[PDB]
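K.L.:
Here you go, one structure.
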Amino acid sequence: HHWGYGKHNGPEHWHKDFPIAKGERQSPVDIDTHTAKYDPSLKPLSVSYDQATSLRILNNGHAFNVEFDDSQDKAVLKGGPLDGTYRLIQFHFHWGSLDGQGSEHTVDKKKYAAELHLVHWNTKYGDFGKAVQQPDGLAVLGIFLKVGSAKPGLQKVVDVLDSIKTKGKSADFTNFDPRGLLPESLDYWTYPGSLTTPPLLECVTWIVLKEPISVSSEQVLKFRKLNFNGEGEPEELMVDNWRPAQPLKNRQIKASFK
Ligand SMILES: NS(=O)(=O)c1ccc(NC(=O)Cn2ccc(=O)[nH]c2=O)cc1
Ligand SMILES: [Zn+2]
């Protein structure tokens, strides 16, 4: 009886195995755009993905992860609210059963159809496992998805999903360029938070871009054909794998833009 997104093991149950679920800096949150304060001392984000080396795509039973070689400074996030260099290790998405829900963060209570998370770890801690034990260990770049025009740079991801339908399946996934998933503007909100799945560790500087990307209805429909279950188990569609907004508590969301 492990955690998931069903009626009996979903987000409202997670605190029983992971008491930090009720902690002081949990994610996601609602971004109230009128209360977020412009911080002119924030620097522009630096997204340096030209040398990124993707390796594999994995259905882990909760989402699918596109994994990268993080044994060198190849794809890094710097600047913005960050001190130091954060290396890209994986990206994944959260999405809904319907276009009206799916994102984890919300904007003035608006839910997007999906949300992309590009996960990076602070190189001063040496590896990801040590980084998640630190309050400034991770930087997650969050990007909202709305349904409209197709995102051409997403299609290579969509087309491999048939090969990783069920939990525990992986496939080679080399030469994928995550620059094709970015919007035009890098304007962002930022706040201190957590992993949005167990173990819910309070180790993330969240950087959420204001500009969503557009994906097509056909692209998101293919996300919804994935399975939470393993092969040869009863089919449960991988949909609504999002945690709802958590209390902001004693935190301020800062904006990079006026
Ligand atoms: N929704 S989230 O807050 O961004 C969030 C982000 C990351 C995690 N955990 C990991 O990444 C662990 N890990 C590490 C290397 C890897 O290759 N694959 C992988 O899974 C959990 C939640
Ligand atoms: Zn995530």
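Residues in the structure tokens are numbered from 1 in each chain, the chains being A, B, ... in the order shown, and ligands are numbered from 1 in the order shown.
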Within 7 Å of ligand 1, which residues show up when you count only C-alpha atoms and all ligand atoms? List them as a VMD selection string, please.
P.N.:
chain A and resid 65 67 89 to 90 117 to 119 128 140 194 to 198
K.L.:
Which residues of range 105-146 of chain A come within 12 Å of range 218-240 of chain A, and what is each one's closest atom pair and distance in Å (one decimal), counting only C-alpha atoms, sorted by chain and residue number, as a tab-separated table?
P.N.:
```
residue	atom	partner	partner_atom	distance
A:111	CA	A:240	CA	12.0
A:112	CA	A:240	CA	11.9
A:113	CA	A:220	CA	8.3
A:114	CA	A:220	CA	8.3
A:115	CA	A:220	CA	11.2
A:145	CA	A:220	CA	9.4
A:146	CA	A:220	CA	9.5
```
K.L.:
Go ahead and write the residues just picked, N, CA, C and O atoms, as a compact mmCIF listing (two decimals), in the first residue's frame.
P.N.:
```txt
# COMPACT_ATOMS: atom_id res chain seq x y z
N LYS A 111 -5.50 26.52 -13.02
CA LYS A 111 -4.82 25.26 -13.30
C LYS A 111 -4.53 25.15 -14.79
O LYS A 111 -5.43 25.36 -15.62
N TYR A 112 -3.29 24.81 -15.14
CA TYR A 112 -2.93 24.53 -16.53
C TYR A 112 -3.10 23.03 -16.81
O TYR A 112 -3.29 22.23 -15.91
N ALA A 113 -3.04 22.67 -18.10
CA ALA A 113 -3.24 21.28 -18.50
C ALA A 113 -2.09 20.38 -18.05
O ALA A 113 -2.28 19.16 -17.88
N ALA A 114 -0.91 20.94 -17.88
CA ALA A 114 0.24 20.15 -17.46
C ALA A 114 1.33 21.11 -16.98
O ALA A 114 1.23 22.33 -17.14
N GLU A 115 2.37 20.54 -16.37
CA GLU A 115 3.50 21.32 -15.88
C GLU A 115 4.77 20.48 -16.06
O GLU A 115 4.80 19.31 -15.67
N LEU A 145 2.09 24.12 -19.27
CA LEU A 145 1.61 23.70 -20.59
C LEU A 145 0.12 24.00 -20.72
O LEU A 145 -0.67 23.64 -19.84
N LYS A 146 -0.24 24.70 -21.79
CA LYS A 146 -1.62 24.89 -22.21
C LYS A 146 -1.85 24.19 -23.54
O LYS A 146 -0.91 23.94 -24.30
```
K.L.:
So which one's closest to ligand 2, A:170, A:101, A:72, A:241? Using only C-alpha atoms and all ligand atoms, please.
P.N.:
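That would be A:241, the residue with the smallest distance to ligand 2.
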K.L.:
From the options A:160, A:181, A:143, A:82, which residue's atoms come nearest to ligand 2, counting only C-alpha atoms and all ligand atoms?
P.N.:
A:143
K.L.:
In Å to one decimal, how far is CA of residue 250 in chain A from CA of residue 94 in chain A?
P.N.:
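Distance reported for this atom pair: 26.0 Å.
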K.L.:
Quick one: pull the distance between CA of residue 109 in chain A and CA of residue 34 in chain A, Å, one decimal.
P.N.:
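Between CA of residue 109 in chain A and CA of residue 34 in chain A the gap is 12.2 Å.
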K.L.:
Could you find all residues in range 162-249 of chain A that DSSP calls alpha helix (DSSP H) from the backbone, and write them as JSON, numbers by chain?
P.N.:
{"A": [217, 218, 219, 220, 221, 222, 223]}
K.L.:
For N, CA, C and O atoms, I'd like the residues from the last selection saved as a compact mmCIF listing (two decimals), in the first residue's frame.
P.N.:
```
# COMPACT_ATOMS: atom_id res chain seq x y z
N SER A 217 -3.62 19.13 -28.42
CA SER A 217 -4.48 18.14 -27.78
C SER A 217 -3.97 16.73 -28.05
O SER A 217 -3.98 15.88 -27.15
N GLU A 218 -3.46 16.46 -29.26
CA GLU A 218 -2.97 15.13 -29.57
C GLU A 218 -1.73 14.79 -28.74
O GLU A 218 -1.54 13.63 -28.33
N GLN A 219 -0.86 15.78 -28.51
CA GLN A 219 0.32 15.54 -27.69
C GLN A 219 -0.06 15.15 -26.25
O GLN A 219 0.43 14.15 -25.71
N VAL A 220 -0.96 15.90 -25.62
CA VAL A 220 -1.31 15.58 -24.24
C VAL A 220 -2.14 14.30 -24.17
O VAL A 220 -2.06 13.56 -23.18
N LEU A 221 -2.95 14.01 -25.19
CA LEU A 221 -3.69 12.76 -25.20
C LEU A 221 -2.76 11.57 -25.12
O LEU A 221 -3.08 10.55 -24.48
N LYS A 222 -1.58 11.68 -25.74
CA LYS A 222 -0.62 10.59 -25.68
C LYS A 222 0.01 10.44 -24.30
O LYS A 222 0.29 9.32 -23.86
N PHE A 223 0.20 11.54 -23.56
CA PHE A 223 0.60 11.40 -22.16
C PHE A 223 -0.41 10.54 -21.40
O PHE A 223 -0.04 9.73 -20.54
```
K.L.:
Just want the 8 Å neighbourhood of residue 153 in chain A, counted on only C-alpha atoms, with same-chain residues fewer than 4 positions away dropped. Output as a list in words.
P.N.:
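Answer for this query is residues 177, 178, 180 and 181 of chain A.
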K.L.:
Find, counting only C-alpha atoms and all ligand atoms, the residue in A:167, A:156, A:37, A:120 that gets nearest to ligand 2.
P.N.:
A:120
K.L.:
Of the residues A:182, A:57, A:209, A:138, which is the one nearest to residue 158 in chain A, using only C-alpha atoms?
P.N.:
A:57
K.L.:
Out of A:206, A:18, A:121, A:189, which residue has the shortest atom-to-atom distance to residue 257 in chain A when counting only C-alpha atoms?
P.N.:
A:189
K.L.:
Hey, which of A:61, A:152, A:6, A:44 ends up closest to residue 165 in chain A? Count only C-alpha atoms.
P.N.:
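Of A:61, A:152, A:6, A:44, the one nearest residue 165 in chain A, counting only C-alpha atoms, is A:61.
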